[PDB]
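Two versions of one and the same chain are coming, encoded as structure tokens; call them structure 1 and structure 2.
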Structure 1
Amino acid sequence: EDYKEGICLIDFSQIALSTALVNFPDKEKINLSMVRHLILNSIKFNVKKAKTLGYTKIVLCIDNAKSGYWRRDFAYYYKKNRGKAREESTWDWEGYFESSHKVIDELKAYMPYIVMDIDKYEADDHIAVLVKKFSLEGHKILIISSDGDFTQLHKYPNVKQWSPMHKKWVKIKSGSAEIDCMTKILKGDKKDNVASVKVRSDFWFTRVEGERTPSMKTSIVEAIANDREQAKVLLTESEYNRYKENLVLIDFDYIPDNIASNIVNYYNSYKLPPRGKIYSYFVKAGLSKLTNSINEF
């Protein structure tokens, strides 16, 4: 093992939720014990994975949208399409989230991981900012994320990504990273209500029947990807101003100073619990099958 240890960042909320959507049936209350068991089982599996690959420092990166998103404070329509979807569902989202927040606080109090959890901050924020930090500090980095796109981090040395769901390595140095990032910035990212620079910013949220997004030439995307100064040249003023907006929504380098510094400061001041707390936590929570496996956490 290295003097600057290998660090594992886990895209954890998405892993737990994906597992929960398989394990927990529709039309049944999702309770604290159910969620605690699932979260701890998932941690056990993915920590073993990190440790065998040679990464010893475990950081659990959490999605916390209890009060929304910092990006939404900037662009109100951001990710509003997602909440719309859950409103309908007969799956117990309310119970899941309520219980997950409780378990996360238990992790903070008792388990030996850095739990990056800040209301209105996304797992991808923690990962992007900590990768920049750790990479410059000379740590090898492993991202555990089933479907996350981290190709924006292609410039950082010694960053690998493992996907638990697909059981395979994921490309970080994709060869088309900048063009793929710029495609989202210019053409939008509908899955997150991010709109093309050729329409009003809240297009996806306020779309009226019949409305269409004007097409944009791939060559403009490629041109601006290769030299961003060309944005002032190939885009109209209105499109350029929308471009500036979308940079904040998509590009990791445009995470605001206060947001990024809050992430770093949270990491630095983190109160790591002594490993002695693991056993007493398992006993307290009645996880009697796990008091046997303390060494696997």
Structure 2
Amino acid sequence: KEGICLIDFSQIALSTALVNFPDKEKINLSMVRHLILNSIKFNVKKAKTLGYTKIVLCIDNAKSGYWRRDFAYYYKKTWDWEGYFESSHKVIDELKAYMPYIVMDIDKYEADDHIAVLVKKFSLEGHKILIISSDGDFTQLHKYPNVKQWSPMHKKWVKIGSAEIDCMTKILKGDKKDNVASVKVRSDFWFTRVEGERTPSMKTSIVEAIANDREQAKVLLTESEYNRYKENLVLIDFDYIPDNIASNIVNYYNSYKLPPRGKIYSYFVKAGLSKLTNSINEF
């Protein structure tokens, strides 16, 4: 059973670019092609050296929004961000055309989704898994056999009882960064809040009691809070990803045709990344 590496790509490329490309300076295609290929090399190396030889780049595609928006409208509702994303979108195309990786890219599907679903499938299928991402949410998947997670900036393992509590903490208190609100407030609180508005706190003993036995949601939460809980499950909990979303990801995965590995040399050449031709072995 081949070792598999799922990479939270879109974020890593972007995060690297935020750190490496100077503010108030234009970002060109070369810049980003260079940046992206080097990032892949560096991370593919980490993976392969450890035994995860099948690389899957998982992309964030909110071109037409998010499937989750069909459940919660408010969900997820100087630097050359323009030049970056333009060139980046182009480079992703080249990866699909020439590089030897499965590029999980689906409009309205998040990199989190592809990882959550693939990790599940493969883990249960007997493969050892590596998640390359600093996102603590992936600890929801450590519960599956042979799942490790590596954080590429600080270069370290994401290790985590505490997982169920971390998750439950988000289900109950929300996640402001994604516009997910506490079960103690109205659904679209973050999209519609007033400056004169604050979220009532959720006591830890409750969070923990539910984390430990979810049926406790029915006694510790008021009916209102409970409705909010069930809405938050789909926004936070990977196990609440719809059968249809899951199925499409797996299909995409299975129908993916990789390009002859002989195409890389040409690409590098053609794309003027000759310094890299000497390192195709590293891809």
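Between two forms, the rigid core is the largest collection of C-alphas that superpose within 1.5 Å. Here, residue number means position along structure 1's sequence, counting from 1.
Residue displacement note: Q152 has its CA displaced by under 2 Å between structure 1 and structure 2 (rigid core superposed). With a cut-off of 2 Å and the rigid core superposed, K27 has a Cα displacement that reaches or exceeds the cut-off between structure 1 and structure 2. Relative displacement of the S67 Cα between structure 1 and structure 2 on rigid core alignment is 2.1 Å. The two forms, fitted on their core, place the C-alpha of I255 0.7 Å apart, compared between structure 1 and structure 2. We note a C-alpha movement of 1.5 Å at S238 between structure 1 and structure 2, with the rigid core held in register.
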